[PDB]
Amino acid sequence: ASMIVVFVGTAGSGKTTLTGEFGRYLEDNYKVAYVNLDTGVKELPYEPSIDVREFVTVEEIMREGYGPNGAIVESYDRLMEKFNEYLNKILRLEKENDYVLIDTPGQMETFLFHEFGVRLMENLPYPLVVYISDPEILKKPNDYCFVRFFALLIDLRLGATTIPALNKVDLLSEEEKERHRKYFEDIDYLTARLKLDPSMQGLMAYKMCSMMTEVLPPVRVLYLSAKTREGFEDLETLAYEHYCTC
């Protein structure tokens, strides 16, 4: 049955709530496992098969003299001592299930930059990555290219197909909803909207997502909502489509 979905997203994207809700959505026609890799998240809305807080939490470490930024890094360093264990735990789940959903660190960068996250990921069988954004980071043509770009970066970094998505689209007025898809799905509209800006940066910014766009056929952005279950069917089949075309 075997299939892994990694939720990546920055502090305040609501991806722990998504991981939870998307699981129950799956729990109806599928066996599902939940993996928590975040050492500093308080509560979790699901039942974890693997929960690294058992082994170490950011606070325990602070309760030993570390500045907050230094205690996240230090939680991930200690995790690596159980590196092989956690890998093999995950590999077991992978083929005892249809879906293993993986919830990554809230500081996205202790997943991009620390050894644990990075090595873990590059030793899993063709995992699917979902990069979710608060659609608020989306104010103007600039905000849109950065998101495609950063998804490309994560992909590069983890060596895993990374699909970009917006979460909490149920909070969007159709006003905004309209505005975002246009900019996202009509490549040759945004790719041309990046010229009405005449400044050191209102020019480069244009030749940026201009190429990345002309190399490997870009991806569809997912619109998701833990609250309405908008987009679950889509991601469901993107998962399956991914399991095929690999």
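So that the term is clear: the rigid core is the largest set of C-alpha atoms that superpose within 1.5 Å between two forms. The numbering used is simple: start at 1 and walk along the sequence shown.
Peer 1: Please indicate which stretch deviates more in 5 other deposited structures of this protein: 212-220 or 177-185, judged by C-alpha RMS distance after a core superposition?
Peer 2: Greater root mean square C-alpha distance in 5 other deposited structures of this protein: 212-220.
Peer 1: Can you tell me whether 162-170 has a higher mean C-alpha B factor than 139-147 in this record, or the other way round?
Peer 2: Taking the mean B-factor of the alpha carbons in each, 139-147 is higher.
Peer 1: Select between 107-115 and 171-179 the stretch whose C-alpha atoms have the higher average B-factor in the entry.
Peer 2: On average, C-alpha B-factors are higher across 171-179.
Peer 1: In terms of CA temperature factor as recorded, identify the highest of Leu44, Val32, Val219, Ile50.
Peer 2: If I rank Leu44, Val32, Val219, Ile50 by C-alpha B-factor, first place goes to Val219.
Peer 1: Would you mind checking where the Cα B-factor of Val8 ranks among the modelled residues of its chain, as the lowest, middle or highest third?
Peer 2: Answer is lowest: the recorded C-alpha B-factor places it there.
Peer 1: Taking the entry's C-alpha B-factors for this chain, is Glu64 in the lowest, middle or highest third?
Peer 2: Its C-alpha B-factor belongs to the highest third of this chain's values.
Peer 1: Taking the C-alpha B-factors as the PDB entry records them, is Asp38 in the lowest, middle or highest third of its chain?
Peer 2: Its C-alpha B-factor belongs to the lowest third of this chain's values.
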